[PDB]
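> This is the content of structure-v9.txt (compact mmCIF, C-alpha atoms and all ligand atoms):
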```txt
# COMPACT_ATOMS: atom_id res chain seq x y z
CA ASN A 1 -30.87 -0.05 -28.83
CA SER A 2 -30.47 -0.40 -25.05
CA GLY A 3 -29.58 2.57 -22.87
CA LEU A 4 -26.44 3.02 -20.76
CA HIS A 5 -25.85 1.40 -17.37
CA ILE A 6 -23.13 2.85 -15.13
CA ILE A 7 -21.65 0.96 -12.17
CA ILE A 8 -19.32 2.81 -9.79
CA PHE A 9 -16.89 0.82 -7.66
CA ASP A 10 -14.72 2.24 -4.88
CA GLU A 11 -11.25 1.43 -3.54
CA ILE A 12 -11.09 -1.25 -6.24
CA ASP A 13 -7.63 -2.02 -4.73
CA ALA A 14 -9.63 -4.11 -2.17
CA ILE A 15 -10.39 -6.63 -4.99
CA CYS A 16 -6.60 -6.99 -5.64
CA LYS A 17 -4.06 -9.70 -4.61
CA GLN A 18 -0.89 -7.93 -5.91
CA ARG A 19 -0.69 -5.95 -2.60
CA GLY A 20 1.03 -8.69 -0.49
CA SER A 21 4.61 -7.74 -1.57
CA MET A 22 5.11 -5.75 1.71
CA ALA A 23 3.57 -8.46 4.02
CA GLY A 24 0.10 -7.25 2.85
CA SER A 25 -1.48 -10.77 2.63
CA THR A 26 -4.55 -8.90 1.43
CA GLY A 27 -5.01 -11.08 -1.64
CA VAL A 28 -7.64 -13.78 -1.49
CA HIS A 29 -7.57 -16.43 -4.24
CA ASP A 30 -7.26 -14.66 -7.61
CA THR A 31 -10.42 -16.52 -8.63
CA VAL A 32 -12.63 -13.71 -7.34
CA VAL A 33 -10.61 -11.08 -9.21
CA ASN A 34 -10.65 -13.17 -12.35
CA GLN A 35 -14.44 -13.30 -12.40
CA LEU A 36 -14.97 -9.52 -12.26
CA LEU A 37 -12.40 -9.05 -15.01
CA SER A 38 -14.20 -11.56 -17.22
CA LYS A 39 -17.37 -9.52 -16.73
CA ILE A 40 -15.76 -6.59 -18.61
CA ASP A 41 -14.77 -8.92 -21.46
CA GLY A 42 -15.00 -12.50 -22.58
CA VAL A 43 -16.88 -14.63 -25.06
CA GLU A 44 -19.90 -12.49 -24.21
CA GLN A 45 -19.77 -8.87 -25.66
CA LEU A 46 -21.86 -6.48 -23.49
CA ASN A 47 -22.13 -3.12 -25.37
CA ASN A 48 -24.26 -0.97 -23.04
CA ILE A 49 -22.17 -0.45 -19.89
CA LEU A 50 -19.72 2.09 -18.49
CA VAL A 51 -17.61 1.29 -15.41
CA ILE A 52 -16.03 4.08 -13.36
CA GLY A 53 -13.42 3.00 -10.82
CA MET A 54 -12.06 5.02 -7.92
CA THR A 55 -9.01 4.40 -5.76
CA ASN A 56 -6.47 6.02 -3.44
CA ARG A 57 -3.43 3.73 -3.88
CA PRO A 58 -2.70 3.70 -7.64
CA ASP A 59 0.41 1.54 -7.14
CA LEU A 60 -1.42 -1.62 -5.97
CA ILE A 61 -3.83 -2.02 -8.91
CA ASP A 62 -3.63 -5.38 -10.64
CA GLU A 63 -1.90 -4.94 -13.99
CA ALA A 64 -4.32 -7.07 -16.01
CA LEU A 65 -6.95 -4.34 -15.49
CA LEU A 66 -4.96 -1.60 -17.30
CA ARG A 67 -4.79 -2.85 -20.93
CA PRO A 68 -6.66 -1.87 -24.12
CA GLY A 69 -10.33 -2.99 -24.17
CA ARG A 70 -10.49 -2.66 -20.37
CA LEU A 71 -10.29 0.29 -17.99
CA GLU A 72 -7.92 2.36 -20.11
CA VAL A 73 -7.97 5.97 -18.89
CA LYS A 74 -6.22 7.35 -15.80
CA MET A 75 -6.64 10.81 -14.33
CA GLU A 76 -5.64 12.63 -11.15
CA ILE A 77 -7.73 14.78 -8.81
CA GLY A 78 -5.31 16.91 -6.81
CA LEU A 79 -5.78 19.15 -3.81
CA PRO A 80 -7.78 22.38 -4.20
CA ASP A 81 -6.14 25.77 -4.63
CA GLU A 82 -7.01 29.33 -3.62
CA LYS A 83 -9.61 29.89 -6.35
CA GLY A 84 -11.13 26.46 -5.78
CA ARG A 85 -11.37 27.13 -2.05
CA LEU A 86 -13.03 30.49 -2.65
CA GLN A 87 -15.58 29.02 -5.06
CA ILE A 88 -16.37 26.09 -2.77
CA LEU A 89 -16.96 28.38 0.23
CA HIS A 90 -19.20 30.59 -1.90
CA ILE A 91 -21.16 27.52 -2.98
CA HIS A 92 -21.55 26.15 0.54
CA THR A 93 -22.63 29.53 1.98
CA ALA A 94 -25.41 30.47 -0.46
CA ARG A 95 -28.21 29.63 2.00
CA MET A 96 -27.44 32.17 4.73
CA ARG A 97 -26.93 34.85 2.09
CA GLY A 98 -30.28 33.90 0.56
CA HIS A 99 -31.87 34.46 3.97
CA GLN A 100 -29.61 37.30 5.23
CA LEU A 101 -28.87 35.05 8.22
CA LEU A 102 -25.15 35.59 7.62
CA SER A 103 -23.65 38.68 9.23
CA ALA A 104 -22.56 41.43 6.85
CA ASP A 105 -19.29 41.61 8.81
CA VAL A 106 -17.85 38.37 7.43
CA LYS B 1 10.47 20.01 -3.54
CA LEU B 2 11.35 18.27 -0.28
CA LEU B 3 13.52 18.59 2.81
CA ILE B 4 14.58 16.06 5.44
CA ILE B 5 16.05 16.70 8.89
CA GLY B 6 17.63 13.97 11.01
CA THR B 7 18.96 13.67 14.53
CA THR B 8 21.02 11.22 16.57
CA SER B 9 23.47 10.99 19.46
CA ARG B 10 25.94 8.33 18.21
CA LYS B 11 27.54 9.43 14.94
CA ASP B 12 30.28 6.79 14.90
CA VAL B 13 27.91 3.84 14.52
CA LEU B 14 26.06 5.60 11.70
CA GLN B 15 29.38 6.27 9.97
CA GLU B 16 30.25 2.58 10.27
CA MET B 17 26.93 1.63 8.63
CA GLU B 18 27.82 3.67 5.50
CA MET B 19 24.62 5.65 6.11
CA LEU B 20 26.24 9.07 6.62
CA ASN B 21 27.30 8.92 2.97
CA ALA B 22 23.60 9.18 2.09
CA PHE B 23 22.99 12.45 3.93
CA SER B 24 24.23 15.70 2.39
CA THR B 25 25.26 17.90 5.34
CA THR B 26 26.15 17.76 9.03
CA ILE B 27 25.71 20.06 12.03
CA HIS B 28 27.10 20.00 15.57
CA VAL B 29 25.34 20.81 18.85
CA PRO B 30 27.91 21.18 21.65
CA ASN B 31 27.21 21.14 25.37
CA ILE B 32 27.74 24.01 27.77
CA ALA B 33 31.42 23.95 28.69
CA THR B 34 32.34 27.20 30.50
CA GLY B 35 31.48 28.70 33.86
CA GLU B 36 30.46 32.13 32.57
CA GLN B 37 28.07 30.33 30.22
CA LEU B 38 26.53 28.54 33.21
CA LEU B 39 26.10 31.85 35.03
CA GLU B 40 24.48 33.38 31.95
CA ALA B 41 22.06 30.46 31.64
CA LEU B 42 21.17 30.67 35.33
CA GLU B 43 20.59 34.41 34.97
CA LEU B 44 18.31 33.89 31.97
CA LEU B 45 16.30 31.28 33.87
CA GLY B 46 16.32 33.52 36.94
CA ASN B 47 16.19 31.12 39.89
CA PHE B 48 19.26 32.04 41.98
CA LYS B 49 19.83 35.05 44.22
CA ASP B 50 22.56 37.69 44.18
CA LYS B 51 24.79 36.39 46.97
CA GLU B 52 23.77 32.92 45.78
CA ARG B 53 25.03 33.72 42.28
CA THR B 54 28.24 35.23 43.65
CA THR B 55 28.96 32.12 45.72
CA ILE B 56 28.20 29.87 42.74
CA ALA B 57 30.56 31.88 40.53
CA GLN B 58 33.27 31.75 43.19
CA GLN B 59 32.99 27.98 43.58
CA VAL B 60 32.59 27.17 39.86
CA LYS B 61 35.50 29.30 38.60
CA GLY B 62 37.59 26.12 38.35
CA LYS B 63 36.19 25.79 34.79
CA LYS B 64 35.72 21.99 35.15
CA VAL B 65 32.14 22.28 33.88
CA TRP B 66 30.47 20.00 31.33
CA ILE B 67 26.73 19.26 31.46
CA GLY B 68 23.63 18.97 29.19
CA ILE B 69 20.84 21.59 29.47
CA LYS B 70 18.31 18.81 30.14
CA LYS B 71 20.24 17.41 33.11
CA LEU B 72 20.87 20.97 34.29
CA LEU B 73 17.12 21.48 34.60
CA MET B 74 16.72 18.22 36.50
CA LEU B 75 19.53 19.12 38.91
CA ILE B 76 18.02 22.56 39.46
CA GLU B 77 14.70 20.94 40.34
CA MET B 78 16.36 18.51 42.75
CA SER B 79 18.34 21.29 44.43
CA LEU B 80 15.48 23.75 44.88
CA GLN B 81 13.55 21.42 47.22
CA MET B 82 15.88 21.92 50.22
CA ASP B 83 15.57 24.69 52.82
CA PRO B 84 16.92 28.10 51.76
CA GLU B 85 20.13 27.65 53.75
CA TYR B 86 21.34 24.35 52.22
CA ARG B 87 20.11 24.81 48.64
CA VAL B 88 23.36 26.21 47.23
CA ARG B 89 25.55 23.69 49.05
CA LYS B 90 23.50 20.70 47.90
CA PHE B 91 23.37 21.99 44.32
CA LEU B 92 27.14 22.48 44.25
CA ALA B 93 27.55 19.00 45.72
CA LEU B 94 25.51 17.35 42.92
CA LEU B 95 27.31 19.46 40.30
CA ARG B 96 30.62 18.22 41.71
CA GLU B 97 29.42 14.61 41.66
CA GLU B 98 28.84 14.79 37.88
CA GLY B 99 32.46 15.58 37.13
CA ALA B 100 32.61 14.62 33.46
CA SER B 101 35.83 15.11 31.49
CA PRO B 102 35.48 14.71 27.69
CA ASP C 1 25.49 -16.63 -33.79
CA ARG C 2 27.42 -18.91 -31.41
CA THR C 3 27.10 -16.62 -28.35
CA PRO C 4 23.43 -15.74 -27.77
CA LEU C 5 24.22 -14.33 -24.29
CA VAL C 6 26.57 -11.54 -23.21
CA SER C 7 27.29 -9.75 -19.94
CA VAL C 8 29.12 -6.72 -18.61
CA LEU C 9 29.55 -5.17 -15.16
CA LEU C 10 30.17 -1.44 -14.78
CA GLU C 11 31.90 -0.18 -11.66
CA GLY C 12 33.31 2.96 -10.12
CA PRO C 13 33.67 4.95 -6.90
CA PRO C 14 30.51 6.49 -5.42
CA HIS C 15 28.75 9.32 -7.25
CA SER C 16 30.62 8.92 -10.55
CA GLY C 17 27.39 8.55 -12.54
CA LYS C 18 27.41 4.87 -13.46
CA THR C 19 23.61 4.77 -13.72
CA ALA C 20 23.43 7.60 -16.26
CA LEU C 21 26.04 6.05 -18.55
CA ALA C 22 24.30 2.67 -18.33
CA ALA C 23 21.00 4.31 -19.26
CA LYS C 24 22.58 6.11 -22.22
CA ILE C 25 24.19 2.92 -23.53
CA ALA C 26 20.89 1.08 -23.20
CA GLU C 27 18.99 3.86 -24.96
CA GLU C 28 21.39 4.04 -27.91
CA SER C 29 20.83 0.37 -28.82
CA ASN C 30 17.67 0.87 -30.93
CA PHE C 31 16.53 -2.49 -29.54
CA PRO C 32 12.77 -3.19 -29.43
CA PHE C 33 12.60 -4.40 -25.81
CA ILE C 34 14.24 -2.49 -22.95
CA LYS C 35 13.71 -2.48 -19.20
CA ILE C 36 15.27 -1.15 -16.00
CA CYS C 37 14.73 -3.06 -12.73
CA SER C 38 15.45 -0.36 -10.12
CA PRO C 39 15.47 -1.05 -6.35
CA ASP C 40 13.24 1.94 -5.56
CA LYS C 41 10.21 0.07 -6.97
CA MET C 42 10.38 -2.64 -4.29
CA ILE C 43 10.56 -0.69 -1.00
CA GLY C 44 9.50 -2.76 1.99
CA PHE C 45 9.22 -5.99 0.01
CA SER C 46 10.05 -9.50 1.20
CA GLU C 47 12.79 -11.51 -0.51
CA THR C 48 10.10 -13.68 -2.09
CA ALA C 49 8.52 -10.61 -3.70
CA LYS C 50 11.89 -9.53 -5.11
CA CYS C 51 12.55 -12.99 -6.51
CA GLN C 52 9.10 -13.15 -8.12
CA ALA C 53 9.45 -9.69 -9.67
CA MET C 54 12.79 -10.57 -11.24
CA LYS C 55 11.36 -13.88 -12.44
CA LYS C 56 8.53 -12.02 -14.17
CA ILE C 57 10.82 -9.43 -15.77
CA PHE C 58 13.16 -12.03 -17.23
CA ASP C 59 10.25 -14.24 -18.32
CA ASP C 60 8.75 -11.35 -20.28
CA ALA C 61 12.16 -10.51 -21.74
CA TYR C 62 12.45 -14.07 -23.05
CA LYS C 63 9.53 -13.54 -25.45
CA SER C 64 11.19 -11.11 -27.89
CA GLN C 65 13.90 -11.44 -30.54
CA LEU C 66 16.19 -8.76 -29.08
CA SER C 67 16.19 -7.06 -25.70
CA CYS C 68 18.16 -5.23 -23.02
CA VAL C 69 17.65 -5.40 -19.25
CA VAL C 70 19.47 -2.98 -16.88
CA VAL C 71 19.47 -4.32 -13.27
CA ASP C 72 20.68 -1.12 -11.47
CA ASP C 73 22.34 -0.83 -8.01
CA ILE C 74 23.06 -4.59 -7.56
CA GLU C 75 24.77 -3.90 -4.21
CA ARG C 76 21.72 -2.42 -2.40
CA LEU C 77 19.42 -4.88 -4.14
CA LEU C 78 21.05 -7.72 -2.20
CA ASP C 79 20.28 -6.13 1.20
CA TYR C 80 23.92 -5.55 2.12
CA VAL C 81 25.41 -4.04 5.28
CA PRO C 82 29.07 -3.94 6.42
CA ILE C 83 28.61 -5.11 10.02
CA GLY C 84 28.08 -8.86 10.09
CA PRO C 85 28.04 -9.10 7.12
CA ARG C 86 24.38 -9.87 6.36
CA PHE C 87 22.32 -10.47 3.24
CA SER C 88 19.68 -12.72 1.62
CA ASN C 89 21.33 -15.85 0.14
CA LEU C 90 18.09 -16.47 -1.83
CA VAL C 91 18.42 -13.43 -4.09
CA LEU C 92 22.11 -14.15 -4.64
CA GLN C 93 21.46 -17.78 -5.65
CA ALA C 94 18.68 -16.46 -7.95
CA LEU C 95 20.72 -13.88 -9.84
CA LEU C 96 23.70 -16.21 -10.13
CA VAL C 97 21.65 -18.97 -11.76
CA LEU C 98 19.81 -16.46 -13.96
CA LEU C 99 22.90 -14.73 -15.37
CA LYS C 100 23.86 -17.97 -17.19
CA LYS C 101 20.55 -19.27 -18.59
CA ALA C 102 20.36 -19.06 -22.37
CA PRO C 103 16.98 -18.16 -23.92
CA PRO C 104 15.07 -20.52 -26.22
CA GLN C 105 16.67 -21.26 -29.56
CA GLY C 106 17.07 -18.41 -32.02
CA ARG C 107 16.96 -15.41 -29.67
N1 LIG D 201 28.85 13.01 -18.57
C1 LIG D 201 28.26 12.65 -17.44
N2 LIG D 201 28.66 11.51 -16.82
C2 LIG D 201 28.07 11.15 -15.68
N3 LIG D 201 27.10 11.77 -15.01
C3 LIG D 201 26.73 12.89 -15.64
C4 LIG D 201 27.24 13.39 -16.81
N4 LIG D 201 26.60 14.57 -17.15
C5 LIG D 201 25.74 14.77 -16.18
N5 LIG D 201 25.78 13.78 -15.24
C6 LIG D 201 24.96 13.68 -14.06
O1 LIG D 201 25.64 12.96 -13.06
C7 LIG D 201 24.66 12.35 -12.19
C8 LIG D 201 24.99 10.88 -12.03
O2 LIG D 201 24.00 10.27 -11.15
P1 LIG D 201 23.99 8.68 -10.98
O3 LIG D 201 22.82 8.26 -10.17
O4 LIG D 201 24.20 8.03 -12.30
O5 LIG D 201 25.30 8.43 -10.09
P2 LIG D 201 25.63 7.10 -9.28
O6 LIG D 201 27.07 7.08 -8.89
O7 LIG D 201 25.03 5.94 -9.98
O8 LIG D 201 24.79 7.37 -7.95
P3 LIG D 201 24.75 6.40 -6.71
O9 LIG D 201 26.19 6.17 -6.33
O10 LIG D 201 23.97 7.09 -5.63
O11 LIG D 201 24.08 5.16 -7.23
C9 LIG D 201 23.30 12.66 -12.83
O12 LIG D 201 22.74 13.84 -12.28
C10 LIG D 201 23.69 12.89 -14.29
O13 LIG D 201 22.77 13.64 -15.03
```
Please go through the file and, once you have read it, give me the structure as structure tokens.


Amino acid sequence: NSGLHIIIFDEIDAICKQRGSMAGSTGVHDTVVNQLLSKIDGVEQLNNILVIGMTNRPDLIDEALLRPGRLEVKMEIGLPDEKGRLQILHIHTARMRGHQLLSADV
Amino acid sequence: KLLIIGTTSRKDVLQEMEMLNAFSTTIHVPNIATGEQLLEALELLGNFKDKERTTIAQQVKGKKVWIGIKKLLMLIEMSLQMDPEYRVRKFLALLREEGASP
Amino acid sequence: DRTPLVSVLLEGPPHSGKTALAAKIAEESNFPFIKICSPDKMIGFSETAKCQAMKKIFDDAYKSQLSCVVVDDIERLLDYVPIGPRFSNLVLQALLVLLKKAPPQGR
């Protein structure tokens, strides 16, 4: 009956060792990367967690982390477009409108 | 979509390295090679006088002209630093020194 | 039954479409295990990385009952260049030993 705990990582590629193909040498002993993986599965069966990962280089993610029962959903967040830019400016500029501080000219 | 633009000065070596076969098109950029062209370029830049231009045209009518715009600018700079009397003579002298013949 | 391994090398002048025909032949096999080791997916690597990648691909291929592996553009793969010549003897020695190794019994 426990609630839900969410842990957000970032640039998870940093905890990867499969990025040394192009003279990266950015992989420390796989031990460290094994441990984290065996915290999303193992003999223990945690049932009240949700892990959201974020990255910028999708090509250097260790492959053992993209299988069923593990992080198993990919999605892309592309650049904004005209309508998105309009809406975002409108959002960011609500204050001056709320106080008339913005010029009517703009 | 995508587009790629390349540039080089030694095409033969690239041809030998079987790299040209990768590209899809070629373009040429020739050097100035005629006297009238040189006079037109000088006119467009506008740095030489009327009698000066006439003397230059008289002396350069031989048609043995072959230079690169860049080096033309550098020679013009070098020449302009003399006194007004010897500018044209010195410039013609340097021009003559660089007597290339492709 | 007495020839568990087979090989074939396709060739032709540039831009004749060897890759497409190879892909079509591979696709029309109905085999359960297919792969294509293409150079593009190794840009900027070091010969050791190439060797390890090929090792892994073939190791995985060993685990099935039928398979098909299409190593495309062998020329570029072996870092060639006319002048010299130059290349990486390691990769050559690798592929040459690998193209003759039979899989475990019954595959
Ligand atoms: N019947 C066909 N036979 C061969 N190629 C075909 C045929 N029909 C269409 N094509 C097209 O021909 C092209 C062949 O490209 P492919 O990369 O296979 O050539 P390639 O010689 O291997 O290239 P490269 O020399 O750069 O490696 C593709 O666009 C393919 O779709």

> Suppose you want the space between CA of residue 6 in chain A and CA of residue 47 in chain A; what is it in Å?

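If I compute the distance from CA of residue 6 in chain A to CA of residue 47 in chain A, I get 11.9 Å.
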
> With all atoms listed in the file counted and 12 Å as the cut-off, give the residues of chain B in contact with ligand LIG 201 (chain D), each with its shortest interatomic distance in Å and the pair that gives it, as CSV.


```
residue,atom,partner,partner_atom,distance
B:19,CA,D:LIG201,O10,11.8
B:21,CA,D:LIG201,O10,9.4
B:22,CA,D:LIG201,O10,8.0
B:23,CA,D:LIG201,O10,11.0
B:24,CA,D:LIG201,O10,11.8
```

> Choose the residue, out of C:41, C:2, C:24, C:107, that has the smallest atom-to-atom separation from chain A; count only C-alpha atoms.

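Looking at the shortest contact to chain A, the residue is C:41.
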
> Between C:90, C:22, C:99, C:83, single out the one closest to chain B, counting only C-alpha atoms.

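Residue with the minimum atom-to-atom distance to chain B: C:83.
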
> Tell me the residues of chain B close to chain C, meaning within 8 Å using all atoms listed in the file, as a list in words.

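So the residues of chain B near chain C are residues 16, 17 and 18 of chain B.
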
> Per residue of chain C within 7 Å of chain A, note the shortest atom pair and the distance in Å to one decimal, counting all atoms listed in the file, and order the rows by chain and increasing residue number, as JSON lines.


```
{"residue": "C:44", "atom": "CA", "partner": "A:22", "partner_atom": "CA", "distance": 5.3}
{"residue": "C:45", "atom": "CA", "partner": "A:22", "partner_atom": "CA", "distance": 4.5}
{"residue": "C:46", "atom": "CA", "partner": "A:22", "partner_atom": "CA", "distance": 6.2}
{"residue": "C:49", "atom": "CA", "partner": "A:21", "partner_atom": "CA", "distance": 5.3}
```

> Under the rule that all atoms listed in the file are counted, which of C:16, C:64, C:48, C:29 is the nearest residue to residue 91 in chain C?

C:48

> Write out as a count of residues only which residues come within 9 Å of range 40-45 of chain A when counting all atoms listed in the file, dropping same-chain ones fewer than 6 positions away.

4
